[PDB]
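> Take this structure, written in structure tokens, and hold onto it; I'll ask about it next.
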Amino acid sequence: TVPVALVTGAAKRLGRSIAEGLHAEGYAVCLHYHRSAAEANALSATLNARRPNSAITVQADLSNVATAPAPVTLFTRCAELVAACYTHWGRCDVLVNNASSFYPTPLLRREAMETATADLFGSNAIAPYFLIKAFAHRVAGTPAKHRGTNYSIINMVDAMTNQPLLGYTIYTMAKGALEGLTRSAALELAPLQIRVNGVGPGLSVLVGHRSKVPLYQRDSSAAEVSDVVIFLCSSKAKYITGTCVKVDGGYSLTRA
Amino acid sequence: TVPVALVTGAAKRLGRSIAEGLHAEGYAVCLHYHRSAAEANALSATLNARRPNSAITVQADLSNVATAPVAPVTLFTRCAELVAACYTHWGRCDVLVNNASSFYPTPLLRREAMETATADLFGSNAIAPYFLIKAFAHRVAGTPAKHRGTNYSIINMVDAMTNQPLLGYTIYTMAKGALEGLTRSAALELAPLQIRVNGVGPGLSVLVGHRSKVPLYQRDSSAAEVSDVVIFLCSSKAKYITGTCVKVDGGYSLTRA
Amino acid sequence: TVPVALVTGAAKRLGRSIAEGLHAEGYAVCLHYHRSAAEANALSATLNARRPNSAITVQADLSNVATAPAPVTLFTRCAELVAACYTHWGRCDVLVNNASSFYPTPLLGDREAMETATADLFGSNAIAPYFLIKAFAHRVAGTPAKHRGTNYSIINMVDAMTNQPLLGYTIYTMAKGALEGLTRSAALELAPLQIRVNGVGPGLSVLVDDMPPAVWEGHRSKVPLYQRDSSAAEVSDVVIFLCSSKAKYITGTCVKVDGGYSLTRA
Amino acid sequence: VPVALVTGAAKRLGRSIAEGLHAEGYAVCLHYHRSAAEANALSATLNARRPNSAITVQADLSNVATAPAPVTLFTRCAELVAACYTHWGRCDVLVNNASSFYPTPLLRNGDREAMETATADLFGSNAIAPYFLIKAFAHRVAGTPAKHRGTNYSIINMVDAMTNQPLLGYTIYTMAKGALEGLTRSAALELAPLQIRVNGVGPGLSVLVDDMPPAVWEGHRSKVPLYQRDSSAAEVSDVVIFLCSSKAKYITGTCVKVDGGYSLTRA
Ligand SMILES: NC(=O)c1ccc[n+]([C@@H]2O[C@H](COP(=O)([O-])OP(=O)(O)OC[C@H]3O[C@@H](n4cnc5c(N)ncnc54)[C@H](OP(=O)(O)O)[C@@H]3O)[C@@H](O)[C@H]2O)c1
Ligand SMILES: NC(=O)c1ccc[n+]([C@@H]2O[C@H](COP(=O)([O-])OP(=O)(O)OC[C@H]3O[C@@H](n4cnc5c(N)ncnc54)[C@H](OP(=O)(O)O)[C@@H]3O)[C@@H](O)[C@H]2O)c1
Ligand SMILES: NC(=O)c1ccc[n+]([C@@H]2O[C@H](COP(=O)([O-])OP(=O)(O)OC[C@H]3O[C@@H](n4cnc5c(N)ncnc54)[C@H](OP(=O)(O)O)[C@@H]3O)[C@@H](O)[C@H]2O)c1
Ligand SMILES: NC(=O)c1ccc[n+]([C@@H]2O[C@H](COP(=O)([O-])OP(=O)(O)OC[C@H]3O[C@@H](n4cnc5c(N)ncnc54)[C@H](OP(=O)(O)O)[C@@H]3O)[C@@H](O)[C@H]2O)c1
Ligand SMILES: C[C@H](O)[C@H](O)[C@H]1CNc2nc(N)[nH]c(=O)c2N1
Ligand SMILES: C[C@H](O)[C@H](O)[C@H]1CNc2nc(N)[nH]c(=O)c2N1
Ligand SMILES: C[C@H](O)[C@H](O)[C@H]1CNc2nc(N)[nH]c(=O)c2N1
Ligand SMILES: C[C@H](O)[C@H](O)[C@H]1CNc2nc(N)[nH]c(=O)c2N1
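Residue numbers (the deposited numbering), protein chains in the order written: chain C, 5 to 73, 81 to 120, 133 to 230, 240 to 288; chain D, 5 to 74, 81 to 120, 133 to 230, 240 to 288; chain B, 5 to 73, 81 to 119, 131 to 288; chain A, 6 to 73, 81 to 121, 131 to 288.
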């Protein structure tokens with residue numbers, strides 16, 4: 005049986021490493037992207053060349069706004092992502108909510136606050152919520168005998184949000200909501216055997241900071257984070273649910 | 005000097021107790037409300053009868069949506091207008107208590135009812151408090167240092183039990199999680215202005240059963256049992272506390288199924 | 005109608021401030037001390053001059069070791092502290108586990135060093151508070167309900183910063199973690215007796231300054247709120263509040279009093 | 006061939022941890038206190054599958070002095093780590109799994134020896150011994166020339182996912198696990214320069230002891246949201262093995278719950 009993984013923001017960096025890792029374990033991967041069409045398509049080509057029909061790409065703005073084709084809502088866009096997996100392969104075993112906007116929203120210095140609120144909250148929290156809902160709906164609608172044996176949802180949280188990055192309030196708030204989603208979905212979906220966990224990087228694949245990380249005095253590589261994601265999705269982690277695992281080299285143990 | 009407190013959702017229950025307690029300590033109180041006009045106005049009459057010009061009421065839907073003029083009005087604007095009402099009337103705003111909150115189910119397992139739920143639950147519990155804190159801070163920043171108050175305090179009403187989620191209340195739980203994040207982020211960012219930001223998280227308070244599950248007293252709490260903690264955090268005796276959430280839950284979060 | 009408070013390590017700094025604040029609220033205070041007899045006795049004199057028979061002092065090494073009189084165990088010494096309140100005033104309403112040893116135990131005539139550090143650091147910060155709470159609770163349980171006080175409150179002095187460990191203080195950090203557990207465990211088990219158990223965790227308070235000024239100033243400057251360590255009152259007022267009847271629904275919780283220091287990262 | 010030292014390795018989780026590390030290629034030093042027969046049988050099985058891949062060492066990890081000047085807990089702990097170096101010339105992984113667990117009620121409704138031994142036993146096995154073991158483990162790595170050091174040092178502390186929602190009447194045990202969490206963070210920070218990772222794994226309900234009426238047993242496991250059952254030993258041990266693998270080399274100072282969502286419940 006070939007399981008299917010939907011990974012949002014899979015075009016590069018961590019999402020790509022997650023997609024690659026899942027692919028190496030035998031998963032067919034649906035690579036979501038927003039603006040990185042070229043990178044998403046190149047990654048799909050590479051995976052499909054290794055194993056035919058093992059990758060596809062889907063475009064979607066995960067910001068909490070309506071888009072043009081009656082306007083299309085974020086929920087619809089989200090359901091369409093999950094549906095794309097079912098239409099193409101007939102299944103969706105894993106969902107990795109990785110796509111994320113990250114930029115300042117200083118409390119102390133228009134409609135710029137409007138798009139920021141919708142973009143930061145949508146990608147990091149509201150979209151994951153709808154995606155999880157669509158994912159669960161498809162599992163519930165599948166007759167028990169036909170269901171997969173290892174449903175796993177991973178939310179990409181942030182090991183450092185409890186020690187907030189100055190000026191990033193909305194982003195920090197959204198990761199906070201993502202943690203809540205992880206616990207609430209883990210509890211509510213347990214009866215369907217759908218595990219919901221979080222993985223929270225500290226500093227990874229930086230585009240100074242490095243020297244502050246206790247372990248190795250550097251930010252992590254993409255694999256150092258993605259291997260943890262892959263492990264949580266494996267059958268060896270079947271009793272883990274509702275938990276967030278930090279992958280930060282001891283950074284959250286530091287103080288100013 | 006008579007300090008001013010803005011309390012959202014002040015018409016009844018915890019909010020009213022918070023408004024009353026602050027009032028008893030000498031604060032002039034701006035009582036925010038959404039649909040409880042009668043209650044808000046009655047509370048205002050009581051406080052003003054006790055001490056003239058010590059209370060006012062301001063209406064606002066804190067849901068993350070555009071309303072119609074009384081161009082559409084955004085939640086930010088409505089939030090800035092709440093803080094501005096304090097400055098216009100009394101020339102100051104020392105304390106902000108983000109208490110207003112919608113709470114109802116959003117089950118993952120069973133269309134336009136989803137969009138209003140998202141905007142309502144997230145707006146009242148998280149987005150509105152963000153904009154309110156922003157407006158509050160901007161007013162403080164724009165005040166010349168020599169004229170600023172000596173005890174700025176913002177309290178976010180969180181929830182002691184959200185880490186042990188109520189089945190079927192996902193959006194609400196997520197919003198409180200966001201509110202916790204706002205508490206920490208605002209406490210860090212606003213420290214230079216000496217604006218403290220803390221949280222108070224009830225377990226079971228003034229239930230309209241679960242009661243017997245509370246380790247301490249085997250009952251839900253009274254409004255005062257929660258409001259007194261809020262008032263204390265607002266006091267100069269709590270001036271070194273910031274970015275922390277205090278549970279007022281009688282040990283309920285220490286339980287397991 | 006005068007309540008009694010037992011405060012360990014009450015001779016100076018935070019403990020003194022806690023004892024003074026409880027005294028100002030009308031409590032009679034049993035001031036525990038280990039090595040600071042002179043300071044403890046002076047504090048007692050002050051309090052008793054303000055209000056006769058409102059203060060006493062008891063000496064006790066709270067390290068997890070047997071002392072000389081069969082040898083006396085820590086538990087016995089602990090029970091003896093609580094008993095001292097009952098013998099003198101017939102009651103014990105509040106217990107503040109404040110006494111605490113704090114020095115390095117780096118991981119990277132010597133057997134005596136590691137052996138006494140473990141007992142001292144763990145005893146003062148965790149084992150003694152455990153036995154003191156046990157003693158305190160037994161006295162409440164053995165009191166007929168009609169005579170019991172209406173506001174029993176135990177406060178454990180934790181540390182807002184132990185989750186971001188101070189390099190080289192492992193045993194101390196371990197003991198404070200044990201103290202957090204004691205707070206939650208005692209809060210749950212003692213709820214039926216209406217004995218509230220809470221923690222107060224300072225960040226940097228009345229910071230010891232045996233170091234260059236730039237270094238000392240470097241440390242306080244890291245605190246987001248005020249860029250300074252706190253005063254003793256800034257911590258003690260929170261303790262006093264948690265002990266008051268207005269905090270009677272709060273139990274099993276640890277309150278940070280750190281000016282946002284725990285929100286920082288390197 | 007890397008070496009793992011696993012305390013309380015004779016049965017249950019420790020056995021499974023020892024077996025899993027063994028299946029990954031580790032030589033395993035199986036520590037035990039009272040389960041000699043079980044430890045030796047486990048060693049026999051491992052050595053039969055791969056010669057010289059297992060040894061056993063006995064030690065009371067309670068915070069008391071033993072019979073030889082009396083022997084201290086620290087010495088006993090240093091001796092465990094040393095036994096790995098003496099036999100195989102290395103110690104790459106340490107799993108602090110041994111743990112005593114029994115009630116210490118605050119209220120009652131010979132005597133002194135039980136209180137004194139409970140404190141030392143519960144605290145020693147769950148916290149003080151792990152401390153001394155980590156210290157011994159670290160001293161050995163520091164004394165090894167960088168050129169001879171292993172490339173994946175990993176320490177795992179077996180914590181408890183449910184201690185924050187205390188088991189009524191288990192105060193000392195709960196206190197010791199809290200200390201263990203502290204040790205995990207403190208050691209992770211201090212040993213980071215030597216590339217020694219220190220993490221925790223905290224079970225919820227695992228291979229639940231069933232010395233009670235079946236319905237009471239069904240009742241407890243049914244409180245667990247995922248699967249409505251306690252976990253298998255492998256379900257916990259596989260997570261330990263994963264954290265010890267090179268795939269987890271950027272993870273340190275973190276405690277991972279393996280509780281099927283139990284800590285998410287409320288009464
Ligand atoms: N790297 C780190 O040090 C770090 C630290 C802590 C947490 N994290 C978390 O780990 C995850 C991955 O980190 P990363 O650094 O790889 O992320 P990233 O490079 O910052 O962004 C990942 C992808 O998110 C997508 N995205 C952004 N806004 C979107 C929107 N409005 N709608 C749909 N997609 C959107 C983008 O896709 P397109 O390019 O196609 O437009 C982007 O490529 C994120 O959730 C992040 O919060 C990362
Ligand atoms: N009581 C508890 O057991 C409990 C437990 C945990 C946490 N809390 C938290 O403590 C706080 C107070 O609790 P409570 O029980 O007193 O609250 P509540 O009775 O449920 O509601 C408080 C007020 O919030 C206002 N509100 C709701 N939706 C709004 C919106 N869309 N826009 C503007 N205002 C809105 C309402 O004002 P109007 O009536 O004027 O329309 C309502 O009166 C809340 O934040 C709650 O989350 C309470
Ligand atoms: N100050 C801070 O920045 C800070 C930060 C975090 C937490 N805290 C916590 O707050 C509490 C009070 O802080 P502090 O700075 O005021 O404490 P402190 O000055 O360091 O010491 C408090 C007292 O504890 C007593 N003590 C130490 N070891 C003892 C033992 N073996 N047996 C009996 N008594 C012992 C000593 O009494 P004698 O002098 O009579 O011998 C000492 O005066 C402590 O629990 C501390 O851990 C303080
Ligand atoms: N099973 C669970 O549901 C559960 C839940 C939460 C956490 N945990 C943690 O996971 C770990 C393993 O759990 P488990 O249930 O497998 O443990 P266990 O069966 O209860 O005991 C493991 C071993 O610890 C050793 N031990 C006890 N006291 C000792 C002492 N004084 N000195 C030296 N060794 C001592 C014993 O070895 P000998 O038999 O040779 O004497 C015992 O077999 C423990 O740390 C436990 O706290 C388990
Ligand atoms: C620089 C920053 O602190 C850190 O490396 C993280 C924070 N969270 C992130 N989140 C997103 N979406 N993208 C990033 O690059 C990061 N970087
Ligand atoms: C009913 C629930 O158990 C609990 O009593 C709290 C949770 N959060 C709440 N939040 C709001 N806004 N209103 C409420 O009545 C409650 N009730
Ligand atoms: C020095 C350190 O950073 C911090 O201020 C605290 C930690 N805990 C303490 N605990 C005790 N007993 N005494 C102290 O002075 C302190 N100092
Ligand atoms: C019985 C309890 O609920 C839980 O399953 C755990 C707690 N910690 C434990 N610790 C040890 N050492 N052994 C055990 O069997 C357990 N069981």
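All C-beta atoms, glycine included, are put in the ideal place defined by N, C-alpha and C.
1) For the region 163 to 175 of chain D and the region 205 to 223 of chain D, state whether three or more C-beta atom pairs, one from each stretch, are separated by less than 8 Å.
2) Return yes when at least one heavy atom of ligand 7 lies under 8 Å from the C-beta of residue 227 of chain B, else no.
3) Tell whether a beta-carbon distance below 9 Å holds between residue 103 of chain C and residue 59 of chain C.
4) Would you decide whether residue 208 of chain B is buried or exposed? Buried here means 16 or more other CB atoms lie within 10 Å of its CB.
5) Residue 212 of chain A by DSSP, collapsed to three states: which one?
6) Over what stretch of residues does the alpha helix (DSSP H) that includes residue 45 of chain A continue unbroken?
7) Let me see if you follow: with CB-CB separation under 9 Å, is residue 196 of chain B close to chain A or not?
8) Going by DSSP, which residues form a beta bridge with residue 179 of chain C?
9) Are the Cβ atoms of residue 7 of chain D and residue 105 of chain D separated by less than 9 Å?
10) With residue 37 of chain D as the anchor, note down where its beta strand (DSSP E) starts and where it stops.
11) Three-state secondary structure (DSSP) at residue 103 of chain C?
12) By the DSSP assignment, the alpha helix (DSSP H) with residue 140 of chain C in it spans what residues?
13) Which same chain residues end up closer than 8 Å to residue 163 of chain D when comparing Cβ atoms and leaving out the 5 residues on each side of it in sequence?
14) Comparing alpha-carbon positions, which option in B/288, B/189 and B/252 lies nearest residue 240 of chain C?
15) Please confirm if the region 181 to 190 of chain C is in contact with the region 151 to 171 of chain C, defined as three or more CB-CB distances below 8 Å between the two stretches.
16) With distances taken between CB atoms, is the gap from residue 144 of chain D to residue 196 of chain D smaller than 9 Å?
17) Taking 8 Å as the cut-off, does the CB of residue 278 of chain B come closer than this to any heavy atom belonging to ligand 3?
18) For residue 134 of chain A, does the count of other Cβ atoms within 10 angstroms reach 16, so buried, or fall short, so exposed?
19) Report yes or no: do the region 9 to 24 of chain C and the region 44 to 61 of chain C share at least 3 C-beta pairs separated by less than 8 Å?
20) In whole angstroms, what separates the C-alpha of residue 72 of chain C from that of residue 88 of chain D?
21) For residue 181 of chain A, is the classification buried or exposed, using 16 other Cβ atoms within 10 angstroms of its Cβ as the cut-off for buried?
22) Count the other CB atoms within 10 Å of the CB of residue 115 of chain D; is the residue buried (16 or more) or exposed (fewer)?
23) So the candidates are C/18, C/179, C/191 and C/210; which of them puts its Cα closest to the Cα of residue 192 of chain D?
24) Which residue from B/278, B/64, B/95 and B/100 puts its Cα closest to that of residue 179 of chain B?
25) What I want to know is whether the C-beta of residue 36 of chain D ends up closer than 8 Å to one or more non-hydrogen atoms of ligand 6.
26) What is the residue span of the beta strand (DSSP E) that residue 8 of chain C lies within?
27) Should residue 15 of chain D go down as buried or exposed, given a rule of 16 or more other Cβ atoms within 10 Å for buried?
28) Using alpha carbons as the reference points, say which of C/282, C/203, C/253 and C/226 lies closest to residue 273 of chain C.
29) Can you look up residue 174 of chain B in the DSSP assignment and give me helix, strand or coil?
30) Using a Cβ cut-off of 8 Å, which residues of the region 181 to 211 of chain D contact any Cβ in chain A, in chain order?
31) Can you pull out the residues from the region 270 to 288 of chain B whose beta carbon lies closer than 9 Å to at least one beta carbon of chain C?
32) Can you tell me the Cα-Cα spacing of residue 249 of chain D and residue 229 of chain D, whole angstroms?
33) Just to confirm before moving on: does the CB-CB distance between residue 226 of chain D and residue 282 of chain D stay below 9 Å?
34) What is the C-beta distance between residue 108 of chain A and residue 12 of chain A, in whole angstroms, given that I count them as a contact (C-beta under 8 Å)?
35) Taking all protein chains shown into account, decide if residue 242 of chain D is buried (16 or more other Cβ within 10 angstroms of its Cβ) or exposed.
36) At 9 Å on the CB atoms, spell out the chain B contacts of residue 268 of chain D, in chain order.
According to the data block:
1) Under the three-pair Cβ rule at 8 Å, the region 163 to 175 of chain D counts as touching the region 205 to 223 of chain D.
2) Yes, the Cβ of residue 227 of chain B comes within 8 Å of a heavy atom of ligand 7.
3) Going by C-beta atoms, residue 103 of chain C is not nearer than 9 Å to residue 59 of chain C.
4) Residue 208 of chain B counts as buried, since no fewer than 16 other beta carbons sit within 10 angstroms of its beta carbon.
5) DSSP places residue 212 of chain A in helix when its eight states are reduced to three.
6) Note, residue 45 of chain A: alpha helix (DSSP H), 41 to 54.
7) Residue 196 of chain B has a beta carbon lying within less than 9 Å of a beta carbon in chain A.
8) The bridge partners DSSP lists for residue 179 of chain C are C/222.
9) Yes; because the gap between Cβ atoms is below 9 Å, this pair is in contact.
10) Looking at the DSSP string, the run of the beta strand (DSSP E) that includes residue 37 of chain D is 32 to 37.
11) Taken through DSSP and simplified to helix, strand or coil, residue 103 of chain C comes out as coil.
12) Annotation: the continuous alpha helix (DSSP H) that includes residue 140 of chain C extends over 135 to 144.
13) Setting aside the 5 residues that flank it on each side, residue 163 of chain D is surrounded in the same chain by 215, each with a C-beta closer than 8 Å to its C-beta; the list follows chain order.
14) The option with the nearest alpha carbon to residue 240 of chain C is B/288.
15) Too few Cβ pairs lie closer than 8 Å, so no.
16) Against a cut-off of 9 Å, the Cβ pair of residue 196 of chain D and residue 144 of chain D comes out as a contact.
17) Outside the cutoff, so no.
18) Residue 134 of chain A is exposed by the Cβ-count criterion.
19) Yes, since at least three Cβ pairs between the region 9 to 24 of chain C and the region 44 to 61 of chain C fall closer than 8 Å, the two stretches touch.
20) Here the alpha carbons of residue 88 of chain D and residue 72 of chain C stand approximately 28 Å from one another.
21) Counting the other Cβ atoms within 10 Å of the Cβ of residue 181 of chain A gives 16 or more, which makes it buried.
22) In summary, residue 115 of chain D is exposed, with fewer than 16 beta-carbon neighbours lying within 10 Å of its beta-carbon over all protein chains present.
23) The shortest C-alpha separation from residue 192 of chain D is found at C/210.
24) When B/278, B/64, B/95 and B/100 are compared, the shortest CA-CA separation from residue 179 of chain B is found for B/278.
25) Remark: the shortest separation between the CB of residue 36 of chain D and any heavy atom of ligand 6 does not fall under 8 Å.
26) It spans 8 to 11 - the beta strand (DSSP E) in which residue 8 of chain C sits, taken as one unbroken run.
27) Residue 15 of chain D is buried by the Cβ-count criterion.
28) Scanning C/282, C/203, C/253 and C/226 for the CA closest to the CA of residue 273 of chain C turns up C/203.
29) In the structure shown, the three-state DSSP call for residue 174 of chain B is strand.
30) Per Cβ criterion, the list reads 183, 185, 186 and 187.
31) Listed by position along the chain: 283, 284, 285, 286, 287 and 288.
32) Going from the Cα of residue 249 of chain D to the Cα of residue 229 of chain D covers about 13 Å.
33) Going by C-beta atoms, residue 226 of chain D is not nearer than 9 Å to residue 282 of chain D.
34) 6 Å between Cβ atoms; contact.
35) By the neighbour-count criterion, in which 16 or more other beta carbons inside 10 Å mark a residue as buried, residue 242 of chain D falls on the exposed side.
36) Correct list: 255, 256, 259, 260, 262 and 263.
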